[PDB]
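Take a look at the structure set out below.
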Amino acid sequence: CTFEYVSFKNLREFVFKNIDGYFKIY
Amino acid sequence: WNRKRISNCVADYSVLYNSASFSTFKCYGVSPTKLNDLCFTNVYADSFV
């Protein structure tokens with residue numbers, strides 16, 4: 166595989195973007 | 353023949369570039385001194401007897 170980075187009261191907001199092939203998580 | 357891939361590091365090639373105690377070591381395709389001052393997408397290894 167290319168890479169393996171294995172590392186209602188609660189609310190979670192996520193932003194997913196893949197620009198220039200770079201994947202960004204907020 | 354075995355194929356190995358290396359990824360996700362900083363390639364300090366100077367460890368094997370400064371052995372100088374190896375029988376026949378030839379680097380074809382890159383300047384080894386500037387290899388530590390250049391960048392690559394992947395690092396593979398193939399070995400045969």
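Each protein sequence line maps, in turn, to chains A and C.
Read in order, the letters of the first sequence correspond to residues 166 to 172, 186 to 204 in the entry's author numbering.
Read in order, the letters of the second sequence correspond to residues 353 to 401 in the entry's author numbering.
Each residue gets a CB set at the ideal place from its N, CA and C atoms; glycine is no exception.
Annotation for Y369 (chain C): the continuous alpha helix (DSSP H) segment containing it runs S366 to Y369.
Distance between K202 (chain A) and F392 (chain C), taken at the CA atoms: about 22 angstroms.
Annotation: the continuous alpha helix (DSSP H) that includes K386 (chain C) extends over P384 to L387.
Assignment of beta-bridge partners to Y200 (chain A) by DSSP yields A:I197. Straight-line spacing of the CA atoms in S383 (chain C) and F400 (chain C) works out to 24 angstroms.
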